[PDB]
Each structure stands twice: as structure tokens, then as C-alpha cells.
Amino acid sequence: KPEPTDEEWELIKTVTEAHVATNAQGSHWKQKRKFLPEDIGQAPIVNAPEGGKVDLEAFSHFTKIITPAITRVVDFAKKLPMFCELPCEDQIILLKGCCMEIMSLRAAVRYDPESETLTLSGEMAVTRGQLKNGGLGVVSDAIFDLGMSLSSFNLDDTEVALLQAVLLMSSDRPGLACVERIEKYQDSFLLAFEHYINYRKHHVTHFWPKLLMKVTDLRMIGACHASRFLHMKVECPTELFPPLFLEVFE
């Protein structure tokens, strides 16, 4: 079980700092978080079918905080030398492809079993129902279940940062030009990640294989969100969609 090489530590230091600098965690979330009033997302008539409707008030609060979150994903990627050297067209495709995947991971690692909330951008704590009714539908359930599941992993900033890099460098996104180059970058991240894991010595058998399953869960959330986005455009007024929100998931 090899630990990271000297070159891998350099990479690790790079991605970790990149993540830390864009994860909005200077003044830790547990203390900074405000709980979205229970009133918001609350259905007035219990017996009216939920169907695929969207709570527009909840939706409004979410699109308000989502833009600065989207920008942090971009800044994260833009702090990686490998990414920066990719053609702009590929950069765009990779960002549109992993944006939700990374934001969902960042929210999932901030799951709180006490209140049963996910803390978004380390500032707004929301419940399963709020995020569900507010527009995500079952994707909210997926993110919360993932959050619950990660709680025992004890993932540090390096491991979260590495997961983000792996998702960022996905050569299977439709339309990519530098497929080979992107895959090579992912392999380098994957390898450095596996070695960091061995170095960490987590007390759990097959931790690496299990971590990889979480990446798969995030890929599913990402794609499922693309679908839920189309529904939002149909259920919500065009005015509640910020230009950045549209540009990234268009």
C-alpha cells in the first residue's frame, strides 16, 4: 500500500489549498449557519397532492444563494494548473458537467444529524423537505442520503478536494476535445487520491472501493439534476432564474 510520491504531495497540496480557498470555511459553518425558517417550504394544505410542483418562495431563496456557490466551483477549477491549460471550450463543458456534482458534495459533507439539515455555502441550513419542495425533488433525497452516509467517513479537506478534482476531470462529458489529456489528469488525481488514502489508514476495510461508490452517487445526482432543471424551467417563472444559473445548466 504505497503512500503518495513527492510529486503527488505537490498535487495534493495544490488541490487541497484550491478547495480550502473556495470552500467558504474561514469562519466554520456550524457557527455561521442560519436555519432557513421552517415556514419556508411548508405546504399550507396538507392534503393537496405534492406531484412535481415547486415551492416558488423556497425556489427564490435557493437561486439567490446558488450563484455565489457556482462561482466558487469555477474558482476552484481555475486554481488548478492542469485545468487552466485546457481549451476554453473544454473548460466550459467540464464545469457545466461537474458543477452540481461538486456543490452537492460540499453540501453533503456539511450534513448535521442533530437538526437534519445540509448547510449550503456554510451559511444556510435547510431540511430535506425544504430543498425537495424548493425545486430539487428526489435529488434532495439523494443528497441527504449521501450526506448521512458520509458522516462516518471523516473526510478531510484533502479527500474532499480530491473527490472534486476526480469529478472535474471527467473525460466522458459530451463534446470534449482533449479527452486523452483530461483522462490522464483524472488518473493522476485518482492515483494520488488512493495513495493519500493508504497514508491516512482509515479504520474500515475496502475504504477506497467504498469511496468510489460515493463518486458514482454524485455522478447520478449531477445527471439527475440536469433533468430536474428542465422541470424547474417549466414550473417556475423565468424571472427567478439568474443568468449564471442558466449559463451553467443550459
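When you see a residue number, it is the position in the sequence shown, counting from 1.
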Mind pulling up the entry and telling me whether 13-21 or 231-239 has the higher mean Cα temperature factor? 231-239
Quick one: say whether 22-30 or 187-195 has the higher mean Cα B-factor in the deposited entry. 22-30
Could you check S170, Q130, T158, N154 and tell me which one carries the biggest Cα B-factor in the deposited entry? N154
Among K201, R219, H61, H225, single out the one with the highest C-alpha B factor in the record, please. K201
Where the record places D90 (Cα B-factor, split into thirds across the chain): middle
When the modelled residues of the chain are sorted by Cα temperature factor, does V109 land in the lowest, middle or highest third? lowest
Please place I65 in the lowest, middle or highest third of its chain by C-alpha B factor as given in the entry. middle
Split the chain's modelled residues into thirds by Cα B-factor; is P174 in the lowest, middle or highest one? middle
Among all modelled residues of this chain, ranked by Cα B factor, put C84 in the bottom, middle or top third, i.e. lowest, middle or highest. highest
